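A.B. asks: Next up is a structure, given as structure tokens.
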Amino acid sequence: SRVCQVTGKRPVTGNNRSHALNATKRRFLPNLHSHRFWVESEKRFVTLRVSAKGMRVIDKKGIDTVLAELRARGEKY
Amino acid sequence: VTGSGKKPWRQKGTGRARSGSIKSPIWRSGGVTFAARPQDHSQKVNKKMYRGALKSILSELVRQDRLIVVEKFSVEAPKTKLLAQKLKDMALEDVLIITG
Amino acid sequence: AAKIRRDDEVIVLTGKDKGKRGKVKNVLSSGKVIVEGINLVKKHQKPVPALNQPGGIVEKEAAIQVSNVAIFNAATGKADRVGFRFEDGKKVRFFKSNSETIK
Amino acid sequence: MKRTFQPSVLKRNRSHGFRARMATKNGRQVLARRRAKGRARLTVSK
Amino acid sequence: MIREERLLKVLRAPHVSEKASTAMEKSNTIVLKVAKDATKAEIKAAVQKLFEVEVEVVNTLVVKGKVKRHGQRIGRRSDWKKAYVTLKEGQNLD
Amino acid sequence: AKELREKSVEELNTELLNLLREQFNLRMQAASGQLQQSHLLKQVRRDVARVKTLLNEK
RNA sequence: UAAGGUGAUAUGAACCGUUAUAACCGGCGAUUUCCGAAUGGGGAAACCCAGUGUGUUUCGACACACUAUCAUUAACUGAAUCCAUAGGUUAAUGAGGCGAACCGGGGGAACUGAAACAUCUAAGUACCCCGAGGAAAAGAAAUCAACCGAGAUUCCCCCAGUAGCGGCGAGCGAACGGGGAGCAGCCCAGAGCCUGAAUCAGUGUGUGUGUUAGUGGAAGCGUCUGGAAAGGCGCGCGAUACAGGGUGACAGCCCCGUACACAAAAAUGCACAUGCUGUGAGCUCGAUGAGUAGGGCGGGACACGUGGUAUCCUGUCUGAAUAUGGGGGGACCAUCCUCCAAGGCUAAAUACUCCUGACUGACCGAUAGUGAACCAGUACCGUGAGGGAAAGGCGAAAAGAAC
RNA sequence: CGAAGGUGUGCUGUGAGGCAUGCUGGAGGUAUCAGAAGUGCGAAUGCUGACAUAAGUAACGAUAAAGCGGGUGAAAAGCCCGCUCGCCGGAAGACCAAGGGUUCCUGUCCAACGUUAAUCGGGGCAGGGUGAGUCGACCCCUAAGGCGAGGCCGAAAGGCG
Ligand SMILES: [Mg+2]
Ligand SMILES: [Mg+2]
Ligand SMILES: [Mg+2]
Ligand SMILES: [Mg+2]
Ligand SMILES: [Mg+2]
Ligand SMILES: [Mg+2]
Ligand SMILES: [Mg+2]
Ligand SMILES: [Mg+2]
Ligand SMILES: [Mg+2]
Ligand SMILES: [Mg+2]
Ligand SMILES: [Mg+2]
Ligand SMILES: [Mg+2]
Ligand SMILES: [Mg+2]
Ligand SMILES: [Mg+2]
Ligand SMILES: [Mg+2]
Ligand SMILES: [Mg+2]
Ligand SMILES: [Mg+2]
Ligand SMILES: [Mg+2]
Ligand SMILES: [Mg+2]
Ligand SMILES: [Mg+2]
Ligand SMILES: [Mg+2]
Ligand SMILES: [Mg+2]
Ligand SMILES: [Mg+2]
Ligand SMILES: [Mg+2]
Ligand SMILES: [Mg+2]
Ligand SMILES: [Mg+2]
Ligand SMILES: [Mg+2]
Ligand SMILES: [Mg+2]
Ligand SMILES: [Mg+2]
Ligand SMILES: [Mg+2]
Ligand SMILES: [Mg+2]
Ligand SMILES: [Mg+2]
Ligand SMILES: [Mg+2]
Ligand SMILES: [Mg+2]
Ligand SMILES: [Mg+2]
Ligand SMILES: [Mg+2]
Ligand SMILES: [Mg+2]
Ligand SMILES: [Mg+2]
Ligand SMILES: [Mg+2]
Ligand SMILES: [Mg+2]
Ligand SMILES: [Mg+2]
Ligand SMILES: [Mg+2]
Ligand SMILES: [Mg+2]
Ligand SMILES: [Mg+2]
Ligand SMILES: [Mg+2]
Ligand SMILES: [Mg+2]
Ligand SMILES: [Mg+2]
Ligand SMILES: [Mg+2]
Ligand SMILES: [Mg+2]
Ligand SMILES: [Mg+2]
Ligand SMILES: [Mg+2]
Ligand SMILES: [Mg+2]
Ligand SMILES: [Mg+2]
Ligand SMILES: [Mg+2]
Ligand SMILES: [Mg+2]
Ligand SMILES: [Mg+2]
């Protein structure tokens, strides 16, 4: 699925309003990529389905902190 | 009336009437047309109206002497035949004993 | 706690055989007891050739209710209605009329 | 004619059988709607 | 080896028939109504050890019971195994 | 039951050994035309029941 | 606990048993083949085929135990390469499915009404799916209030169909504030203190009080009809028992129970007291939870819908001060009031009844009551999901008609 | 010493109606007064259950065909036996895999079943009847195709592999 493996984003629904305001359902898919990210405390790489915001998040905090929240959250790396 | 909303048969065609359900409220084992729910029945009467009713009932008992007044009336043992024989030799039949 | 038992001499209270006396033979806990020589009712046995049951009329006693009879105490010769008490660590039934402990 | 019911046991046990009702999660509800009204012929296995 | 609880519990009755008496009198054979869980390697090991009779072969089958209509009820009898068991030449059971 | 209620398992070995055979002889006479009594079967079945009860305890 | 029993259809048969191992009787341990989450693989479900180990072995076959899968821990052999990692191979603990209703998270529809229909209504209604429970969701101030104040949510009645929203059409619909049930506050974002200090019991005890069997428990006779007194007439009797049912028809005193007052060897609940498997109160110091509030873009929730719109949740893009500070007070500033998110927990007032015991009905008596008063989810009809009926009455006791 | 329900008979009001007794019937029911209604039937091609007419009338389901003597039986066109006649003979003869599940054989019964009669039966009851190293299923191996550890991808269901 869309397991945004940093911040946990999820496809939410909503509407498709017209300009007579006629409405139908839709989805809101999150931005993802598939990054082979580079960590220093093991001197190798790790696959990740990060989001668009998570790429900002990771270089703001650090990568070992993301490993620390991840392996205690339970979902793998 | 447990069944389902399916028709017995289609409407036009065979020479019968336009049936509608197996829960049909004019059929045998059908429904009830105006069935009633678990309800209440207590009305409301006023404070003034209730006390006026009490003042109205406290008058014909005086004018017909079915109310009588006695100061002391009791017994000193939990035994019912004592009140039975007390009412016997007091010579009353149907009494409403109101204590204080 | 059986107020009437299987081997006692019992009097019929009411019904067709009121006042009459006789012994009970055996007992059913559906509310019916065989009391001997009281209600002679007819029966027409069917003659089968097996086990030599030749048929003929049989006048047999009828069962009757426990709550239509009461014990026949010769200390009163009347209607005795059995009660209960405890002597020597066992339930012993006594007579609630004329106060005789059944022993 | 060639009528509607043409019987076959090895098709009936694979179409309307218990192990046909097994894997489909929408069919476990069907068995749970026959048990919870209590029919004798639960499925057409024999 | 086979244990005496099964060896004793496996037989159920000897059967009687106009068909049975012929195999009794011609071939020195017994006609046993046996329980359903009997095997040929075990019926022989029971009647050999217990009854002191020399036996070699068992020919099993299964009789199925009929449907009997009890008024407005219906019912069907039960599965019971038969066995035509031929004894060796020289034993007669009483 | 009060005889067996104290007894040892090495007695119960030979007792079961003869007991099942007595049940078998009893049932084969129930099959044949000698047994005309209808209680010894019910006796011997509960006889095996009462010792298979205690065989777990001892 | 007691003279009766071996269930009924539905009667015979050999029977046990009479002063207590006859059976119904409550609790405690042991028995529960195969199918089904089916778990050793497989399967058209009640069938088939095997392995390792401990067994004896009339060389002859049987007995028993073990073994799926992932969640998490330890080991041990550990690839591409030496260390590194995937990866297997065990061992331990945990998890699978099940069923009425209520709760709450992800989604999410129509005829209908507007007298047409598209904004809107029907409605976050039906239905799918997921979760934890006997409760759950919250919840203890970036609330509200007008410069007087109230002090968390929850939950009932009002203010009210009013001020709002609305092809200002159909309809949607609050709050402030008051009156009630109930009210308990708390610890994490620590370098040094008292040394096992309240606290919660998951626990050691027994008591009170149930609960799963029980026990006693009052008090009438003659007569008039009748096949039959329970009726009709007399004179009685018990009532901390006139609730009811039954016996040949309407009974307080013929049977059971009813008022009352006792009973448990085992096992257990709820309130209690006491060292317990682990508790750190209290006490000085402090720090005050960052890709976070906000802003732009399209929707959804707030009674707010081709708005002058506060506020909160987020898909995407940029995102600071940090207590001097930051928010809110129905656009917006200026002036004051009020309170500190980005880390959680918490009793009761609140809903429902497949299931257990009792009691009640200005509820209905076999076309009425659930669909089913009787072997009803059945015979039957449909290949399947699924739909689904007709049908009670002798008698006081069968004594059921010998011949 | 006879209640409801049914049944008839006089009698009475403006009407919905009311009154008692003859008969059957064998445990129940009601005054005046006020109180709650699942409260009144002919119609809805209305619903479920029973009974008429049409009418003892058309039909008795291949136009392959039967006749007579004997047995049994309360009476034989149909049953058993006997011998004249006929019909299929690539079927309507002799067997199995499908599918049904005692319909198979042996006694006994004629009430319903059988499109008639009925002793006969595929009908009712009861008893017997299905024997494998070699023949069919499991079994070793697959084809289409199903599931599918890990794996990949979807909101959960799950979708492929
Ligand atoms: Mg729309
Ligand atoms: Mg962070
Ligand atoms: Mg439909
Ligand atoms: Mg009906
Ligand atoms: Mg109804
Ligand atoms: Mg009586
Ligand atoms: Mg065979
Ligand atoms: Mg019995
Ligand atoms: Mg298995
Ligand atoms: Mg399996
Ligand atoms: Mg295999
Ligand atoms: Mg629509
Ligand atoms: Mg429309
Ligand atoms: Mg319209
Ligand atoms: Mg909570
Ligand atoms: Mg203040
Ligand atoms: Mg009593
Ligand atoms: Mg009692
Ligand atoms: Mg802070
Ligand atoms: Mg933001
Ligand atoms: Mg804004
Ligand atoms: Mg936007
Ligand atoms: Mg905000
Ligand atoms: Mg303002
Ligand atoms: Mg907080
Ligand atoms: Mg009905
Ligand atoms: Mg009737
Ligand atoms: Mg059918
Ligand atoms: Mg008369
Ligand atoms: Mg009448
Ligand atoms: Mg009348
Ligand atoms: Mg009567
Ligand atoms: Mg009567
Ligand atoms: Mg009555
Ligand atoms: Mg009519
Ligand atoms: Mg009309
Ligand atoms: Mg009509
Ligand atoms: Mg007609
Ligand atoms: Mg006619
Ligand atoms: Mg005519
Ligand atoms: Mg004609
Ligand atoms: Mg002739
Ligand atoms: Mg002819
Ligand atoms: Mg020819
Ligand atoms: Mg030809
Ligand atoms: Mg037949
Ligand atoms: Mg025959
Ligand atoms: Mg006929
Ligand atoms: Mg005939
Ligand atoms: Mg035949
Ligand atoms: Mg037949
Ligand atoms: Mg052979
Ligand atoms: Mg072969
Ligand atoms: Mg393939
Ligand atoms: Mg697959
Ligand atoms: Mg998988």
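We name chains A, B, ... following the order of the structure tokens; residues begin at 1 in each chain, and ligands are numbered from 1 as shown.
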Show me which residues line ligand 1, defined as having an atom within 7 Å of a ligand atom where only C-alpha atoms (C1' of nucleotides) and all ligand atoms count, and present them as a PyMOL selection string.
C.D. replies: chain A and resi 22-24
A.B. asks: Within 10 Å of ligand 39 (counting only C-alpha atoms (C1' of nucleotides) and all ligand atoms), which residues show up? I'd like them as a PDB file with N, CA, C and O atoms (P, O5', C5', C4', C3', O3' and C1' of nucleotides), in the first residue's frame.
C.D. replies:
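Below is the file out.pdb, written as the result:
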```pdb
ATOM      1  P     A H  52     -69.326 -30.977  -3.411  1.00  0.00           P
ATOM      2  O5'   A H  52     -70.653 -30.255  -3.902  1.00  0.00           O
ATOM      3  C5'   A H  52     -70.937 -30.098  -5.283  1.00  0.00           C
ATOM      4  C4'   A H  52     -71.798 -28.883  -5.513  1.00  0.00           C
ATOM      5  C3'   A H  52     -72.121 -28.530  -6.953  1.00  0.00           C
ATOM      6  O3'   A H  52     -73.245 -29.237  -7.433  1.00  0.00           O
ATOM      7  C1'   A H  52     -71.407 -26.595  -5.784  1.00  0.00           C
ATOM      8  P     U H  53     -73.077 -30.443  -8.470  1.00  0.00           P
ATOM      9  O5'   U H  53     -73.236 -29.726  -9.883  1.00  0.00           O
ATOM     10  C5'   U H  53     -74.484 -29.185 -10.284  1.00  0.00           C
ATOM     11  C4'   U H  53     -74.335 -27.806 -10.885  1.00  0.00           C
ATOM     12  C3'   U H  53     -73.832 -27.732 -12.313  1.00  0.00           C
ATOM     13  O3'   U H  53     -74.883 -27.939 -13.237  1.00  0.00           O
ATOM     14  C1'   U H  53     -72.779 -26.072 -10.970  1.00  0.00           C
ATOM     15  P     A H  54     -74.896 -29.234 -14.177  1.00  0.00           P
ATOM     16  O5'   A H  54     -73.814 -28.907 -15.295  1.00  0.00           O
ATOM     17  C5'   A H  54     -74.009 -27.846 -16.217  1.00  0.00           C
ATOM     18  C4'   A H  54     -72.704 -27.433 -16.839  1.00  0.00           C
ATOM     19  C3'   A H  54     -71.916 -28.557 -17.485  1.00  0.00           C
ATOM     20  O3'   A H  54     -72.346 -28.835 -18.805  1.00  0.00           O
ATOM     21  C1'   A H  54     -70.496 -27.315 -16.064  1.00  0.00           C
ATOM     22  P     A H  55     -72.034 -30.260 -19.474  1.00  0.00           P
ATOM     23  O5'   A H  55     -72.215 -31.305 -18.287  1.00  0.00           O
ATOM     24  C5'   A H  55     -73.190 -32.338 -18.378  1.00  0.00           C
ATOM     25  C4'   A H  55     -72.961 -33.421 -17.354  1.00  0.00           C
ATOM     26  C3'   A H  55     -73.697 -33.243 -16.028  1.00  0.00           C
ATOM     27  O3'   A H  55     -73.907 -34.536 -15.460  1.00  0.00           O
ATOM     28  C1'   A H  55     -71.405 -33.274 -15.624  1.00  0.00           C
ATOM     29  P     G H  56     -75.374 -35.168 -15.313  1.00  0.00           P
ATOM     30  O5'   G H  56     -75.117 -36.736 -15.240  1.00  0.00           O
ATOM     31  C5'   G H  56     -74.292 -37.290 -14.225  1.00  0.00           C
ATOM     32  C4'   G H  56     -72.901 -37.560 -14.730  1.00  0.00           C
ATOM     33  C3'   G H  56     -72.664 -38.933 -15.366  1.00  0.00           C
ATOM     34  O3'   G H  56     -71.687 -38.770 -16.402  1.00  0.00           O
ATOM     35  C1'   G H  56     -71.155 -38.619 -13.620  1.00  0.00           C
TER      36        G H  56
END
```
A.B. asks: Would you mind listing what lies within 6 Å of region 58-74 of chain E as a list in words, with only C-alpha atoms (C1' of nucleotides) counted and same-chain residues fewer than 5 positions away left out?
C.D. replies: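 Returned residues: residues 40, 79, 81, 82, 83, 84 and 85 of chain E; 131 of chain H.
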A.B. asks: Between CA of residue 34 (chain E) and CA of residue 19 (chain E), what is the distance in Å, rounded to a tenth?
C.D. replies: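 We find that CA of residue 34 (chain E) and CA of residue 19 (chain E) lie 17.0 Å from each other.
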A.B. asks: At a cut-off of 10 Å around ligand 28, and using only C-alpha atoms (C1' of nucleotides) and all ligand atoms, what residues come up? Please write them as a list in words.
C.D. replies: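 Selection of residues at most 10 Å from ligand 28: residues 380, 381, 382 and 383 of chain G.
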A.B. asks: Just want the residues within 9 Å of ligand 17, written as a VMD selection string, counting only C-alpha atoms (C1' of nucleotides) and all ligand atoms.
C.D. replies: chain G and resid 217 241 256 to 258
A.B. asks: Keeping only N, CA, C and O atoms (P, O5', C5', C4', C3', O3' and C1' of nucleotides), write the selected residues as a PDB file, in the first residue's frame.
C.D. replies:
```pdb
ATOM      1  P     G G 217     -43.659 -29.804  58.792  1.00  0.00           P
ATOM      2  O5'   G G 217     -44.265 -28.337  58.902  1.00  0.00           O
ATOM      3  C5'   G G 217     -44.467 -27.723  60.164  1.00  0.00           C
ATOM      4  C4'   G G 217     -44.578 -26.227  60.035  1.00  0.00           C
ATOM      5  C3'   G G 217     -45.577 -25.726  59.006  1.00  0.00           C
ATOM      6  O3'   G G 217     -46.910 -25.727  59.465  1.00  0.00           O
ATOM      7  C1'   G G 217     -43.537 -24.642  58.660  1.00  0.00           C
ATOM      8  P     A G 241     -48.715 -13.728  58.453  1.00  0.00           P
ATOM      9  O5'   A G 241     -48.326 -14.237  56.999  1.00  0.00           O
ATOM     10  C5'   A G 241     -49.342 -14.430  56.015  1.00  0.00           C
ATOM     11  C4'   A G 241     -49.085 -15.650  55.168  1.00  0.00           C
ATOM     12  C3'   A G 241     -50.332 -16.365  54.654  1.00  0.00           C
ATOM     13  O3'   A G 241     -50.026 -17.008  53.417  1.00  0.00           O
ATOM     14  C1'   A G 241     -49.114 -17.817  56.046  1.00  0.00           C
ATOM     15  P     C G 256     -47.840 -31.934  51.716  1.00  0.00           P
ATOM     16  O5'   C G 256     -47.323 -30.916  50.604  1.00  0.00           O
ATOM     17  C5'   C G 256     -46.438 -31.340  49.577  1.00  0.00           C
ATOM     18  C4'   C G 256     -46.190 -30.250  48.563  1.00  0.00           C
ATOM     19  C3'   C G 256     -45.602 -28.956  49.094  1.00  0.00           C
ATOM     20  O3'   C G 256     -44.198 -29.035  49.256  1.00  0.00           O
ATOM     21  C1'   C G 256     -47.344 -28.501  47.533  1.00  0.00           C
ATOM     22  P     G G 257     -43.403 -27.896  50.062  1.00  0.00           P
ATOM     23  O5'   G G 257     -43.099 -26.769  48.977  1.00  0.00           O
ATOM     24  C5'   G G 257     -42.680 -25.470  49.372  1.00  0.00           C
ATOM     25  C4'   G G 257     -43.585 -24.404  48.810  1.00  0.00           C
ATOM     26  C3'   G G 257     -43.793 -23.182  49.690  1.00  0.00           C
ATOM     27  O3'   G G 257     -42.778 -22.216  49.487  1.00  0.00           O
ATOM     28  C1'   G G 257     -45.876 -23.949  48.807  1.00  0.00           C
ATOM     29  P     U G 258     -42.292 -21.260  50.682  1.00  0.00           P
ATOM     30  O5'   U G 258     -43.469 -20.202  50.837  1.00  0.00           O
ATOM     31  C5'   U G 258     -43.722 -19.249  49.819  1.00  0.00           C
ATOM     32  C4'   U G 258     -45.060 -18.596  50.017  1.00  0.00           C
ATOM     33  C3'   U G 258     -45.225 -17.822  51.314  1.00  0.00           C
ATOM     34  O3'   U G 258     -44.753 -16.490  51.196  1.00  0.00           O
ATOM     35  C1'   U G 258     -47.102 -19.247  50.959  1.00  0.00           C
TER      36        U G 258
END
```
A.B. asks: Would you mind writing down, as a ChimeraX atom specification, each residue of region 5-81 of chain E that DSSP on the backbone assigns to alpha helix (DSSP H)?
C.D. replies: /E:5-9,18-27,40-49
A.B. asks: When the cut-off is 8 Å and we count only C-alpha atoms (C1' of nucleotides), which residues of chain E are near chain G, given as a ChimeraX atom specification?
C.D. replies: /E:1-3
A.B. asks: Hey, can you spit out that residue selection with N, CA and C atoms as a PDB file, in the first residue's frame?
C.D. replies:
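Dumped everything to again_27.pdb:
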```pdb
ATOM      1  N   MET E   1       2.684 -56.874  17.394  1.00  0.00           N
ATOM      2  CA  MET E   1       1.701 -57.722  18.057  1.00  0.00           C
ATOM      3  C   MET E   1       0.402 -56.958  18.263  1.00  0.00           C
ATOM      4  N   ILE E   2      -0.673 -57.680  18.568  1.00  0.00           N
ATOM      5  CA  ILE E   2      -2.007 -57.104  18.701  1.00  0.00           C
ATOM      6  C   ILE E   2      -2.516 -57.417  20.105  1.00  0.00           C
ATOM      7  N   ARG E   3      -3.132 -56.425  20.744  1.00  0.00           N
ATOM      8  CA  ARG E   3      -3.450 -56.482  22.159  1.00  0.00           C
ATOM      9  C   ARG E   3      -4.848 -57.036  22.411  1.00  0.00           C
TER      10      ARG E   3
END
```
A.B. asks: Can you build me a table of chain A residues sitting at most 8 Å from chain G, with the closest atom pair per residue and its distance in Å to one decimal, using only C-alpha atoms (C1' of nucleotides), sorted by chain and residue number, as CSV?
C.D. replies:
```
residue,atom,partner,partner_atom,distance
A:12,CA,G:315,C1',7.9
A:14,CA,G:299,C1',5.2
A:15,CA,G:299,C1',5.3
A:16,CA,G:299,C1',7.3
A:17,CA,G:299,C1',7.9
A:19,CA,G:306,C1',6.2
A:20,CA,G:306,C1',5.8
A:21,CA,G:119,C1',6.5
A:22,CA,G:119,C1',7.0
A:28,CA,G:315,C1',5.9
A:29,CA,G:315,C1',7.1
A:30,CA,G:315,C1',6.3
A:56,CA,G:291,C1',6.9
A:57,CA,G:291,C1',5.8
A:60,CA,G:291,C1',6.9
```
A.B. asks: Quick one: which residues from chain G are at most 8 Å off chain F, using only C-alpha atoms (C1' of nucleotides), as a ChimeraX atom specification?
C.D. replies: /G:13-15,30-31
A.B. asks: Next, dump the selected residues to file, keeping only C-alpha atoms (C1' of nucleotides), as a PDB file, in the first residue's frame.
C.D. replies:
```pdb
ATOM      1  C1'   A G  13     -38.610 -58.508  30.210  1.00  0.00           C
ATOM      2  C1'   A G  14     -34.176 -60.149  33.959  1.00  0.00           C
ATOM      3  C1'   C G  15     -33.944 -57.032  37.606  1.00  0.00           C
ATOM      4  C1'   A G  30     -10.802 -38.294  35.960  1.00  0.00           C
ATOM      5  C1'   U G  31     -13.434 -40.439  30.244  1.00  0.00           C
TER       6        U G  31
END
```
A.B. asks: At a cut-off of 9 Å and counting only C-alpha atoms (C1' of nucleotides) and all ligand atoms, what residues surround ligand 31? Please answer as a PyMOL selection string.
C.D. replies: chain H and resi 4-6
A.B. asks: Could you give me, as a PyMOL selection string, the residues within 6 Å of residue 33 (chain E), counting only C-alpha atoms (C1' of nucleotides) and dropping anything in the same chain fewer than 4 positions from it?
C.D. replies: chain E and resi 13-15+82
A.B. asks: Within 12 Å of ligand 46, counting only C-alpha atoms (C1' of nucleotides) and all ligand atoms, which protein or nucleic acid residues do you find, written as a PyMOL selection string?
C.D. replies: (chain E and resi 66-69) or (chain H and resi 102-105+113+121-125)
A.B. asks: Just the number, please: distance in Å from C1' of residue 59 (chain H) to atom 1 (Mg, counted along the ligand's line) of ligand 40, one decimal.
C.D. replies: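 So the answer is 15.6 Å.
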A.B. asks: Taking only C-alpha atoms (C1' of nucleotides) and all ligand atoms into account, report as a ChimeraX atom specification which residues have an atom no farther than 12 Å from an atom of ligand 2.
C.D. replies: /A:6-7,54,57-70 /G:289-292,342-343
A.B. asks: Collect all residues with atoms no farther than 10 Å from ligand 4, counting only C-alpha atoms (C1' of nucleotides) and all ligand atoms, and output them as number ranges by chain.
C.D. replies: B: 27-30; G: 367, 371, 389-390; H: 48
A.B. asks: Please give me, as a ChimeraX atom specification, the residues lying within 12 Å of ligand 5 when counting only C-alpha atoms (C1' of nucleotides) and all ligand atoms.
C.D. replies: /B:1-3,22-33,35 /G:364,367-371 /H:38
